[PDB]
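*Asks:* Take the sequence shown: its letters are residues 5 to 198, 208 to 475, numbered as in the entry's author numbering.
Mind having a look at this structure? Questions to follow.
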Amino acid sequence: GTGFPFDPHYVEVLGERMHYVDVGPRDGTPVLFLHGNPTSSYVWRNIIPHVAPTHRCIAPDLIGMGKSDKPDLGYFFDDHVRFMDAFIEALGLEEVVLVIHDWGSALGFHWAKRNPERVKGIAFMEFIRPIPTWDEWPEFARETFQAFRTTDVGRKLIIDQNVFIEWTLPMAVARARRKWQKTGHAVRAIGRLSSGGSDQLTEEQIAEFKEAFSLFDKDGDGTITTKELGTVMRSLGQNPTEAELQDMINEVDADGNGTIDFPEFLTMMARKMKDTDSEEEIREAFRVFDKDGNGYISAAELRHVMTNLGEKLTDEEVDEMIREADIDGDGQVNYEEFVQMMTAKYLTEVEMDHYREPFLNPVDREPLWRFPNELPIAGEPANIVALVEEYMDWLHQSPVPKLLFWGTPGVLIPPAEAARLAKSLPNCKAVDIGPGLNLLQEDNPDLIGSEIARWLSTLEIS
Ligand SMILES: CCCCCCOCCOCCNC(=O)c1ccc(C(=O)O)c(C2=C3CC=C(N4[C@@H]5CC[C@H]4COC5)C=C3Oc3cc(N4[C@@H]5CC[C@H]4COC5)ccc32)c1
Ligand SMILES: [Ca+2]
Ligand SMILES: [Ca+2]
Ligand SMILES: [Ca+2]
Ligand SMILES: [Ca+2]
Ligand SMILES: [Cl-]
């Protein structure tokens with residue numbers, strides 16, 4: 005679902021105008037959806053239609069974000085508190101049910117603690133809590149977010165280069181697709197080793222092939238040798254000769270040095286060909302995954318090809334790859350599911366353009382940089398850590414009905430953390446949404462929407 009059909013509404017807030025969705029019946033307790041960084045009310049576009057048939061749904065765009073006004077603010081968390089506090093009063097919301105995500109959940113939890121009699125329920129997912137150590141932060145994103153949290157490299161990355169929109173955001177949905185594509189690329193690379210010229214690749218295409226290259230360059234020295242290619246080719250069951258290995262390398266060895274460096278690998282992976290020969294490569298990769306040739310990639314078959322390509326996947330990681338690929342839910346992966354995994358990103362271009370639209374001007378990207386610099390990680394910043402600790406204490410002692418959504422591996426909320434909270438929060442039901450990183454609304458909106466609407470029917474609301 006890529007559209008945003010909701011009539012735009014605006015309300016005057018501290019001398020600015022804030023945009024919000026307002027759908028559903030007018031009467032009854034309103035359900036307030038709060039988005040986080042770097043999204044907008046667009047993040048709820050596929051959740052709200054499950055709830056709007058029977059409830060008023062209000063989804064603001066944070067100040068400086070979405071379609072809301074963009075004043076010259078520092079956009080600290082306490083800036084957002086001011087505007088969200090005033091937004092709630094401006095709409096005259098006496099009682100609410102909160103549905104909150106990432107920085108929207110800090111907003112909602114902090115507001116609920118201070119107005120506990122005005123909150124009849126809280127549904128939350130991938131929410132802000134104190135991250136005790138950088139060890140609890142996904143390894144693959146540790147370096148980048150540490151770099152985000154500086155005024156020189158972080159601002160150049162986020163503000164000057166729009167990396168948080170163009171890179172972080174499409175990488176914050178889920179993870180299995182990176183592994184499918186890395187191994188599909190390596191399988192197509194094997195084939196290409198065994208039309209006319211090559212494309213010049215974008216910087217985004219080049220990095221996608223960087224992971225695939227690492228599978229062959231076992232020792233990481235930047236070149237693929239006779240012995241490295243033979244190791245790979247060995248595990249796959251296509252066992253060939255040192256003469257075969259050299260001739261294969263020689264066809265791609267532009268500089269004649271006997272090894273394949275990353276630029277030569279790129280030129281092979283950028284070869285031009287008709288679309289139908291591109292399709293034949295993907296059909297051939299599917300047949301490699303589909304060992305018994307019955308038309309479905311089983312979990313056991315996936316384990317074999319992943320090992321034969323040099324991965325060492327836990328059972329949880331295998332299950333994750335299947336479940337992300339399994340559109341029709343039969344526990345296996347047919348050719349159509351394979352194709353989508355290999356050739357599509359988590360967010361369509363139409364979906365990226367909606368997320369991009371508020372931030373086309375670099376001078377408008379301040380909240381994109383300030384937000385990761387506010388994240389409570391390893392005790393910094395200490396005021397944010399203190400504030401979040403206070404509402405987590407409130408949350409542990411409060412009888413408010415709570416609904417927790419979580420995925421694997423998560424980002425803010427690891428599965429083990431979700432387990433802890435599911436047991437220690439009072440009157441809390443927890444729902445496993447399946448695979449996901451931070452944007453769980455882009456992983457399983459139907460379950461989240463369905464479950465929120467069933468949960469609402471049990472509350473003391475009208
Ligand atoms: C509630 C919070 C919500 C949480 C949601 C997030 O949850 C997980 C999602 O993912 C986490 C984020 N990971 C990434 O964003 C992510 C993933 C892969 C890459 C990669 O380069 O391969 C990068 C990029 C990085 C990464 C690390 C850098 N370092 C090094 C050395 C210097 C610096 C300081 O330290 C060590 C510098 C980078 O420079 C980049 C410049 C550009 N560009 C654009 C335009 C020009 C320029 C060049 O080419 C296109 C594009 C990308 C990157 C970012
Ligand atoms: Ca090497
Ligand atoms: Ca070479
Ligand atoms: Ca099979
Ligand atoms: Ca299937
Ligand atoms: Cl953030």
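All residues carry an ideal CB built from backbone N, CA and C; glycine is no exception.
Helix, strand or coil for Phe80? Go by DSSP, reduced to three states.
*Replies:* Here residue 80 refers to the residue found at position 76 of the sequence shown. Coil at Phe80, not helix or strand.
*Asks:* DSSP on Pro64, reduced to helix/strand/coil?
*Replies:* Taking the sequence shown and counting its residues from 1, one reaches residue 64 at position 60. In the structure shown, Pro64 sits in a strand (DSSP, three-state: E or B).
*Asks:* Compare the beta carbon distance of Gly40 and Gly108 with 8 Å and say whether it is the shorter of the two.
*Replies:* One-based indexing of the sequence shown puts residue 40 at position 36. One-based indexing of the sequence shown puts residue 108 at position 104. It is a contact, given that the beta carbons lie within the stated cut-off.
*Asks:* Is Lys223 near ligand 2, judged by its Cβ being under 7 Å from some heavy atom?
*Replies:* Taking the first residue of the sequence shown as 1, we reach residue 223 at position 210. Answer for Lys223: no, Cβ out of range of ligand 2.
*Asks:* Taking only heavy atoms of ligand 3 into account, decide whether any of them is closer than 7 Å to the Cβ of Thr280.
*Replies:* Residue numbering aside, residue 280 sits at position 267 when the sequence shown is read from its first letter. Result no, Cβ not under 7 Å from ligand 3.
*Asks:* Measure the Cβ-Cβ separation of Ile262 and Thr272 and say whether it is below 8 Å.
*Replies:* Position 249 of the sequence shown, counting from 1, holds the residue named residue 262. Position 259 of the sequence shown, counting from 1, holds the residue named residue 272. Yes, these two residues count as a Cβ contact at 8 Å.
*Asks:* Would you identify the three-state DSSP class for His59, choosing helix, strand or coil?
*Replies:* Here residue 59 refers to the residue found at position 55 when the sequence shown is read from its first residue. Coil, per DSSP.
*Asks:* Going by DSSP, which residues form a beta bridge with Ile390?
*Replies:* Residue numbering aside, residue 390 sits at position 377 when the sequence shown is read from its first letter. Paired residues: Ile135, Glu393.
*Asks:* Name the one or two DSSP bridge partners that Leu416 has.
*Replies:* Here residue 416 corresponds to residue number 403 of the sequence shown, with the count starting at 1. BP columns for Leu416 point to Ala127, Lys442.
*Asks:* How should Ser208 be labelled, buried or exposed, when 16 other C-beta atoms within 10 angstroms of its C-beta is the threshold for buried?
*Replies:* By 1-based counting over the sequence shown, the position of residue 208 is 195. By the neighbour-count rule (16 or more Cβ atoms within 10 Å), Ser208 is not buried but exposed.
*Asks:* Using the C-alpha atoms, what's the distance from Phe8 back to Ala145?
*Replies:* Counted from its first residue, the sequence shown places residue 145 at position 141. Counted from its first residue, the sequence shown places residue 8 at position 4. Spanning the two alpha carbons is a distance of roughly 30 Å.
*Asks:* Distance check for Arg284 and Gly233, CA to CA, integer angstroms please.
*Replies:* Looking up residue 233 in the sequence shown gives position 220. Looking up residue 284 in the sequence shown gives position 271. Approximately 24 Å, taken between the alpha carbons.
*Asks:* Could you check whether the Cβ of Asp268 sits closer than 7 Å to any heavy atom belonging to ligand 3?
*Replies:* Counting from 1 along the sequence shown, the entry for residue 268 is found at position 255. Correct: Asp268 has its Cβ closer than 7 Å to ligand 3.
*Asks:* Measuring CA to CA, which of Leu228, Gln165, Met175, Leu279 is closest to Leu214?
*Replies:* Position 201 of the sequence shown holds residue 214. Cα-wise, what sits closest to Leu214 is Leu279.
*Asks:* Per the contact definition of three or more C-beta pairs closer than 8 Å, is the stretch 134 to 144 in contact with the stretch 96 to 116?
*Replies:* No, the stretch 96 to 116 does not touch the stretch 134 to 144.
*Asks:* Name the residue from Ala466, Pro427, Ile390 whose alpha carbon lies nearest to the alpha carbon of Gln150.
*Replies:* Residue 150 sits at position 146 when you count from the first residue of the sequence shown. It is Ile390 whose Cα lies nearest to the Cα of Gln150.
*Asks:* Give the single residue among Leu425, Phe128, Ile51, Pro75 whose Cα lies nearest to the Cα of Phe418.
*Replies:* By one-based count along the sequence shown, residue 418 stands at place 405. Checked all of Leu425, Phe128, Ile51, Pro75; the closest Cα to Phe418 is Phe128.
*Asks:* Taking the beta carbon of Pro75 as the centre, do at least 16 other beta carbons fall within 10 Å, making it buried, or is it exposed?
*Replies:* Here residue 75 is taken as the residue at index 71 of the sequence shown, counted from 1. When all chains shown are included, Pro75 counts as exposed.
*Asks:* In chain order, what residues of the same chain have a beta carbon less than 8 Å from the beta carbon of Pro276, not counting five sequence neighbours either side?
*Replies:* Within the sequence shown, residue 276 is the residue found at index 263, counting from 1. Closer than 8 Å at Cβ, skipping near neighbours: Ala267.
*Asks:* Determine the extent of the alpha helix (DSSP H) in which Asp341 is found, giving its start and end residues.
*Replies:* Indexing the sequence shown from 1 puts residue 341 at position 328. Careful: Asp341 lies outside any alpha helix (DSSP H) and carries neither H nor E.
*Asks:* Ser437 to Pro458, Cα distance in whole Å?
*Replies:* Translated into positions along the sequence shown, residue 437 becomes position 424. Translated into positions along the sequence shown, residue 458 becomes position 445. The straight-line gap from Cα to Cα measures roughly 26 Å.
*Asks:* With distances taken Cα to Cα, identify the nearest neighbour of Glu333 among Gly243, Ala443, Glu294, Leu450.
*Replies:* Here residue 333 refers to the residue found at position 320 of the sequence shown. Here the closest residue by C-alpha is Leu450.
*Asks:* Using 7 Å as the cut-off, classify the Cβ of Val346 as near or not near the heavy atoms of ligand 5, replying yes or no.
*Replies:* As a first step, residue 346 is located in the sequence shown; it is residue number 333 there, counting from the start. Yes, the Cβ of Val346 comes within 7 Å of a heavy atom of ligand 5.
*Asks:* If you measure from each residue's Cβ to the nearest non-hydrogen atom of ligand 2, which ones come out under 7 Å, in chain order?
*Replies:* Taken from the N-terminal end onward, the list reads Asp230, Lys231, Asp232, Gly233, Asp234, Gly235, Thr236, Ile237, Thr238, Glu241.
*Asks:* If you reduce the DSSP assignment to three classes, tell me which class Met69 lands in.
*Replies:* Translated into the one-based positions of the sequence shown, residue 69 becomes position 65. Coil at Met69, not helix or strand.
*Asks:* Does at least one heavy atom of ligand 5 sit under 7 Å from the Cβ of residue 3?
*Replies:* Residue 3 is absent from the model: the chain starts at 5 and stops at 475.
*Asks:* Across which residues does DSSP place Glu16 in a beta bridge pair?
*Replies:* Translated into the one-based positions of the sequence shown, residue 16 becomes position 12. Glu16 is bridged to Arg21.
*Asks:* Let me know if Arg60 comes out buried or exposed under the rule of 16 or more other beta-carbons within 10 Å of its beta-carbon.
*Replies:* As a first step, residue 60 is located in the sequence shown; it is residue number 56 there, counting from the start. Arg60 should be labelled buried.
*Asks:* On the DSSP bridge assignment, give the partners of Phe37 in chain order.
*Replies:* As a position in the sequence shown, residue 37 is number 33, starting the count at 1. Paired residues: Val103.
*Asks:* Count the other CB atoms within 10 Å of the CB of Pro414; is the residue buried (16 or more) or exposed (fewer)?
*Replies:* If you number the sequence shown from 1, residue 414 lands on position 401. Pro414 is buried by the Cβ-count criterion.
*Asks:* Would you identify the three-state DSSP class for residue 205, choosing helix, strand or coil?
*Replies:* Here the chain is numbered 198 followed immediately by 208, so the structure offers no position for residue 205.
*Asks:* Along the chain, where does the alpha helix (DSSP H) that runs through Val265 open and close?
*Replies:* Translated into the one-based positions of the sequence shown, residue 265 becomes position 252. Here the alpha helix (DSSP H) through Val265 covers 255 to 265.
*Asks:* Using CA atoms only, rank isn't needed, just tell me which of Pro42, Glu379, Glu297 is closest to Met175.
*Replies:* For the purposes of this step, residue 175 is identified with residue 171 of the sequence shown, where counting begins at 1. Nearest of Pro42, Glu379, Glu297 to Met175, Cα basis: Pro42.
*Asks:* Can you tell me which of the three DSSP states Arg179 falls into?
*Replies:* Counting from one through the sequence shown, the residue named residue 179 turns up at place 175. Coil, per DSSP.
*Asks:* Using beta-carbon positions only, say whether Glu130 and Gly423 come within less than 8 Å of one another.
*Replies:* The residue you call residue 130 lines up with position 126 of the sequence shown. The residue you call residue 423 lines up with position 410 of the sequence shown. A contact, by the Cβ cut-off of 8 Å.
*Asks:* For the 8 Å Cβ check, are there 3 or more pairs between the stretch 151 to 170 and the stretch 287 to 301?
*Replies:* These segments do not touch.
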